[PDB]
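A.B. asks: Handing you this structure, nothing more for now.
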Amino acid sequence: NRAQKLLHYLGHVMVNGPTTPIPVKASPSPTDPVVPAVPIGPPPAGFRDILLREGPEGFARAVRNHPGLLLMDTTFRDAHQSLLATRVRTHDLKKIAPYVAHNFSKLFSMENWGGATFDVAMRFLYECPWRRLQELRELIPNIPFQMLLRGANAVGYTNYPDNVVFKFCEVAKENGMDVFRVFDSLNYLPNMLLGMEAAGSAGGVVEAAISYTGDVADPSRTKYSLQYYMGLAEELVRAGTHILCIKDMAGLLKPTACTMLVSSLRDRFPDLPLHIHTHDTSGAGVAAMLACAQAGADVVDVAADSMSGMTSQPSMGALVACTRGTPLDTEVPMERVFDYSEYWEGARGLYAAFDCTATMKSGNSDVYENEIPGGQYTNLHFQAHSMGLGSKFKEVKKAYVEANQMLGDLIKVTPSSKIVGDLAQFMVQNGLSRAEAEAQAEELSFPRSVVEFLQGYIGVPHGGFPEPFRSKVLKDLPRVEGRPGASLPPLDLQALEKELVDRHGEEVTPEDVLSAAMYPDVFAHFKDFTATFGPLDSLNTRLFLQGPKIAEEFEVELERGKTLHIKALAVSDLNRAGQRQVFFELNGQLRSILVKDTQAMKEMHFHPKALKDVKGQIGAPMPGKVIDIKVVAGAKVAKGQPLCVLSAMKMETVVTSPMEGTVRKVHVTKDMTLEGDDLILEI
Amino acid sequence: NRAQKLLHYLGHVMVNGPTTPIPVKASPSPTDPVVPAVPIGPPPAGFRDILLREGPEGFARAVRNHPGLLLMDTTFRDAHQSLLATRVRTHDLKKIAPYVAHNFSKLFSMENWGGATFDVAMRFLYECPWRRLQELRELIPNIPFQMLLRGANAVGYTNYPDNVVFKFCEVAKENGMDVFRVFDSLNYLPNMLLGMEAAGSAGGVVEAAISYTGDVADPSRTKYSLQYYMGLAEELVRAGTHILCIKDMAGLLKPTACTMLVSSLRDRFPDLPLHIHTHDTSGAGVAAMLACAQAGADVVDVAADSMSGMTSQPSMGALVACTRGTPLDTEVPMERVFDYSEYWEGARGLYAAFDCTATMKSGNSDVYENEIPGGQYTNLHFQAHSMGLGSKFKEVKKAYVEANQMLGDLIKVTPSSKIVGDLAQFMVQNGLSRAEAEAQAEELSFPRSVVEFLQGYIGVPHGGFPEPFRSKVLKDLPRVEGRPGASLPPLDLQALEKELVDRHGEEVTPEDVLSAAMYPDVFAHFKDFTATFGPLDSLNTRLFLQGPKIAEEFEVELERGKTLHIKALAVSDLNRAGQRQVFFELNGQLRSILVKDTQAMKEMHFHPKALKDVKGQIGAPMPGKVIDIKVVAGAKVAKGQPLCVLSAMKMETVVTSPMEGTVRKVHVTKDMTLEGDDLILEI
Amino acid sequence: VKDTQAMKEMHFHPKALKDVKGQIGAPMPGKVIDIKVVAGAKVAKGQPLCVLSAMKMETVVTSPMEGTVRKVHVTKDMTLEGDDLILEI
Ligand SMILES: *C(=O)CCCC[C@@H]1SC[C@@H]2NC(=O)N[C@@H]21
Ligand SMILES: *C(=O)CCCC[C@@H]1SC[C@@H]2NC(=O)N[C@@H]21
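Those protein sequences? They're chains D, B and A, same order as listed.
Residue numbers for the first sequence follow PDB author numbering, so the first one is 495 and each next one is one higher.
Residue numbers for the second sequence follow PDB author numbering, so the first one is 495 and each next one is one higher.
Residue numbers for the third sequence follow PDB author numbering, so the first one is 1089 and each next one is one higher.
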């Protein structure tokens, strides 16, 4: 009963379309991604060998004592979150993972988990994220792995109790995660210290990421000054971080600001490794990374050349070529870069339904005025499409700016940007301005994320909440102040394990109860879907998003040894219950799949009958047209008296009543062409 | 008889499709480009005022004594040649020209003519290029104009005699061109001096552009060394150039090479303005331009942010933002940049049939190994599509590299890149390798551009031709050595004016005879097309490329005052001659257009008859099937003897001959189901 | 079950077979614009025979060796493909 669920999925996708929401109506390309040649044998030695040999402090001293620029690949997580709405599957990553393991041994790390990959992998792709992590950990053994962990937000959207995040880092380090980049939205310091403690006690390398916004080189803006970042970095180094990081999530770091900030961090902490992360939204990413690498940055984040650009990271080939021959040489050969970007061009062609290039064709300097991050940009375009706002995204960006100013000049990264984007979609859908919605603040019903933020369930912003808005929206809802994670009670995780073993099965693991603690309803619907259709992980992307075509024999190997040569021969028409039939040739023998179509129902309405059991139910003895009614609705009549007269083709009849009674209502109007045995009078 | 030609064009585009070749099957977007608000009144003062007030040497001293970086916009010429196969029309440029005139007064110049715009404007767009030049010269009066002129190649593909290029620069300066950027493909010095003399004697500013290739920072490559560029620049300054320029047409300038070359040119010539032109193909354009502006470059080339990126120039917003607050401040406000790029995003949506983003979604570092320029990239993809090679463009790029090495390491820019691309398409279409085609060099038939190059009709490459290849391909064809333009006789231009006035009309101007000297057959076919369908310049792009839709009233104003409200009501089916009929509502009254469909013909073939006038033409008296022939082809028979027997539905007949004669041939085979009165025997 | 109508629809120009050097075919598609040979005489190698034009490209056909021109297989302005025969020789 394994190929039957797969054929049910394939027929359901053929007849009804894909169960994924599709924002751009397009098909996957017929061209396959070209995987290059990989030398057979064990891969080279990398930085994970020195990590497992001498710990995180020796890893930090090795990355600090490396002559030249080090790179981190973000193609597996942040490139397709910025460009393809986080929709790239584990199949296309596993096809290129041995090439990366053989040829990119000199990388610092590789971000391939965390962010929005958790929620999208369970929600839209029907995959387990721990399964992707384990598969790529077997495939790439020589390069350290890196995950993007929020403060007390783990991989969710709100603050969690401490035991859940500690257990989350414990199990993620158990599965294979090496480097943990911990950041917070509002730069709220105890949430950062909590996330750093949870990441450090699990045994992993800690990368304390400071969220950057504004401009430190512009003295006109004084809220997030250079001294603010210097004090934040001083306290984060005082908590025992191993690598400091600057997360510029919108792409706002300019070369002068880069030189100023990295030189301040280098002459304040002379032996601490600096990592810079930026997006190339404004079009100045490679220039900013060259400014950082000359100012004293150690690791910078890149992506493959076909998977970089618009809202993504800077390009790997441009960073390799722009440092060739310099003292900052990365000594990576450019031909391996060419083959890797060749693969990702072929693989990006498969995801044309979620692609950024259907709307945005080049960069945009207006990110200097709306400050939207890139992953949020593509996921926000999808979310605005799925709520009817799919043709008003410029107004969503304008209300984005308005909602940033209205909520008190927040630092927008994931959670806070999700709050500002929810408020922007609310202000677009209800036509409200800034002052127009602050005047009606005590009347309107803001969404759960905005009201939950104004309560303070994610933390406290810099300079405090907007207190007139917080007084007008929150009437008497509880304002839990201080730290949200030090107030909420710990979830009994063995109770949740006991709650989940009696619903799905007995292969429920701690990874599953962490998936259900982070997302209860998404894990429930994911488990129901994978009960119905089974492991759709090992399908290719054209098969997953499009199904097969007629008379084209395709090969599916679900598990080890179990191979299936499947043809799709015909699709019938609809049955009595609105169901179609699909005909397959599975392993050479004919099989049949019955799938419910989803559009051919809910089309019926007509006039009711005249029920014969009651003599006071006067109906039409013959069809035609009501030409005159002789009764007043409310009086009573005798039997034999005329009530209504009807006419048909050369025929006219007068309706008589069979007995007495009070005329309740005249059910028929004037000149209503009714059928036979249809009710004209209730009596 | 003016609206009738327009309606004939609109019906021809509706029924038959557009007469333009369409490489990507897609439609223009229903969204219109959003033109911003323009303040009413005269535009500000720019650099053309100081140009017209004190000449080119005062203009050169004003651009040399400007504190800060100056920008040149390339959105009108080089952006859409790099990205949209030079297909942007004058309508979409005229819609934004007053905004540029009001808001971008501090520009150096604006490249809006030359390059591939001449050939494409006559050939695929049915426009006069002088008409575009005159329209934009009325619309933008405050900014100097810039054109890209080849050496002795004017705006063509081969060397021309001196009088034609001198007359070309004379008439272009007469029409409104201010700055002339003169470059040569092989860096052949007398062609450069000829083009500089023709541009300088007309009265315009001379920008001597050195074509860059390779890497001056890499000492392993020694052919185009730094001293080679220094000697070339020394001789070009010795000929009296006003502004020097570095044309990096493939995007190969790195920041270290930029700093080295611009600092060498600045400490060799301390008062000469330097202009740098680059493409952003590798992804390091903004970094290279910041390196040039800090090294001492005066003007750099940018484009609008939605019209920059992949094979185009660096982005205007990134250059404005990355120099904000520095001593290199451009003092351009970013909001005007946002509105300009907003317009060009809306306008780029209209050209989806020619867009780069259908195949290439991001940059490419492989330009470091194939060295293809960007305008050539998009036009070469179109040319490979129109010769059946549309699905083998990676092989075209591989043979590009092979043909570069095979022809002796050329500098690839326009003419030479057209030669290398023609050779690459030839080697792809005939399966040849490099040594495999050099072994068969004396056998094969190379195209006219390759053989014409090996003769030396464009000039002499650096280090000489490949002499085994030049000996094997050229058997005894004339090798005109020295300068090609000092050998060819001058064209009698009054004779060509007399040749063209007796064919089209009496509104033939010197601009038209220069168009016919540069392109005879393209101007002839263009004049026939504009005789048939008239001035299609004032149509919008959706109307030009797609036609109208049914029951959607569209407004066309061809000329001053003459306005037309046109509806399209119906299209009939085909007539006897294969023609359809289109029904329009022109100005409120019903009109009819008869257009020839182009596919519903050339479908007929069957067996010939048996002609009755000759008694020796024995045919079938009734249909059926030949079941047996009783004659030997070659002998003669008597009348009454059986020849063939035929059978039909319950009927069988024996064929007798009417008279004697020699059986020439048995025209029917065995069991051929033939009709009645169809020939069975010639006799 | 065999359908009975969806067959007997194919015809086009024949190829130029590569095994014989006297089988001169089109190295690139386009349009025959001029033929420089008389059908019946013989030519030397390197002499022009036919000229063809495509999208911004024009090529002159040369013969690889000698031999008698049997027949000019292509007519005037016949838009033919690549590797399609123009001369039997
Ligand atoms: C669900 O659609 C996955 C994406 C949800 C929003 C994601 S979470 C990370 C990015 N930041 C943000 O505010 N939105 C993006
Ligand atoms: C015709 O299709 C116009 C484009 C023809 C080739 C053009 S000319 C300028 C560019 N350089 C080059 O070699 N090809 C492009």
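Backbone N, C-alpha and C define an ideal beta-carbon position, used for all residues, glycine too.
1. State the Cα-Cα distance for the pair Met854/D and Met804/D, rounded to the nearest angstrom.
2. Is any heavy atom in ligand 1 found nearer than 7 Å to the beta carbon of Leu680/D?
3. Could you give the first and the last residue of the continuous beta strand (DSSP E) run that contains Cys739/B?
4. Checking contacts by CB at 8 Å: is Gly882/B closer than that to chain A?
5. Using only the alpha-carbon positions, how far apart do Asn681/B and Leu938/B sit?
6. Starting from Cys1138/B, trace the beta strand (DSSP E) both ways and give me its first and last residue.
7. Kindly say whether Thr1156/A, judged by its beta-carbon, lies nearer than 8 Å to any beta-carbon of chain B.
8. When you check each C-beta in the stretch 853-869 of chain D against every C-beta of chain B, which residues fall closer than 7 Å?
9. Which residues mark the beginning and the end of the beta strand (DSSP E) in which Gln807/B is found?
10. Determine the burial state of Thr735/D: buried for a count of at least 16 other Cβ atoms within 10 Å of its Cβ, exposed for fewer.
11. Taking only beta carbons into account, state which residues of the stretch 921-942 of chain B come closer than 8 Å to chain A, listed in chain order.
12. Can you tell me where the alpha helix (DSSP H) with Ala1025/D in it begins and where it stops?
13. What does the Cβ neighbour count give for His1161/D, buried or exposed, with the cut at 16 atoms within 10 Å?
14. Can you find a CB in chain D that lies within less than 8 Å of the CB of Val780/B?
15. Would you say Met828/D faces chain B, with C-beta separation under 8 Å as the test?
16. Can you grab the Cα-Cα spacing for the pair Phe763/D / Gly698/B, in whole Å?
17. For ligand 2, any of its heavy atoms closer than 7 Å to the Cβ of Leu755/D?
18. Can you find the residues in the same chain that come closer than 6 Å, C-beta to C-beta, to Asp795/B, ignoring five residues on each side of it along the sequence?
19. What are the boundary residues of the alpha helix (DSSP H) that includes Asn924/B?
20. Sort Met671/B, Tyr845/B, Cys786/B by Cα distance to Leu619/B and report the nearest one.
21. Determine the chain D residues that contact residue 1178/B at a beta-carbon separation under 8 Å, and present them in chain order.
22. Between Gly1134/D, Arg760/D, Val1148/D, which lies nearest to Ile1123/D when the distance is taken from Cα to Cα?
23. Count Cβ pairs between the stretch 1134-1147 of chain B and the stretch 1098-1107 of chain A that sit closer than 8 Å; are there 3 or more?
24. If you draw a straight line from the C-alpha of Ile905/B to the C-alpha of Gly1082/B, how long is it?
25. Mind the definition here: the stretch 919-933 of chain D touches the stretch 886-902 of chain D only if three or more C-beta pairs lie below 8 Å; say whether that holds.
26. Buried or exposed: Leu546/B, going by 16 or more other Cβ atoms within 10 Å of its Cβ?
27. Look up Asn647/B in the DSSP assignment and say whether it is helix, strand or coil.
28. I need the DSSP call for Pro1117/A, collapsed to helix, strand or coil.
29. Is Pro909/B helix, strand or coil when you go by DSSP?
30. Where does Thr1163/D sit, in a helix, a strand or coil, going by DSSP?
31. I'd like to confirm the pairing. Which residues does DSSP put opposite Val700/D in its beta bridges?
32. In chain order, what residues of the stretch 1001-1024 of chain B put their CB closer than 9 Å to some CB of chain A?
33. Tell me which residue opens and which closes the alpha helix (DSSP H) that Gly725/D is part of.
34. Could you tell me whether the Cβ atoms of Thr775/B and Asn669/B are closer together than 8 Å?
35. For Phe639/B, which beta-bridge partners are listed by DSSP?
36. Nearest chain B C-beta to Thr1147/A closer than 8 Å, yes or no?
C.D. replies: On the basis of the coordinates in this document:
1. 8 Å
2. no
3. 737-742
4. yes
5. 29 Å
6. Element bounds for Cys1138/B: 1136-1142.
7. Taking CB atoms only, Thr1156/A has no neighbour in chain B less than 8 Å away.
8. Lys855, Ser856, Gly857, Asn858, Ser859, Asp860, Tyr862
9. Premise fails: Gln807/B is in no beta strand (DSSP E) and is neither H nor E.
10. buried
11. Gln923, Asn924, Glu937, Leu938, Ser939, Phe940, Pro941, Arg942
12. Taken as a continuous stretch (DSSP letters only), the alpha helix (DSSP H) holding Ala1025/D covers 1014-1027.
13. buried
14. yes
15. yes
16. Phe763/D and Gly698/B: Cα-Cα distance of roughly 57 Å.
17. No.
18. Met566, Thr568, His771, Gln807
19. No alpha helix (DSSP H) contains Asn924/B, which DSSP labels as neither H nor E.
20. Considering only alpha carbons, the answer is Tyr845/B.
21. Since the first residue of chain B shown is 495 and the last is 1177, residue 1178/B is not available in this structure.
22. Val1148/D
23. no
24. Cα-Cα distance, rounded: 59 Å.
25. In short, these stretches touch, since the Cβ pair count reaches three.
26. Within 10 angstroms of the beta-carbon of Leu546/B lie fewer than 16 other beta-carbons, which makes it exposed.
27. coil
28. coil
29. In this structure, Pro909/B counts as helix in the three-state DSSP scheme.
30. coil
31. Answer is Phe674/D, bridged to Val700/D.
32. Taking 9 Å as the Cβ-Cβ cut-off, the stretch 1001-1024 of chain B has no residue approaching chain A.
33. 720-732
34. no
35. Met604/B
36. yes
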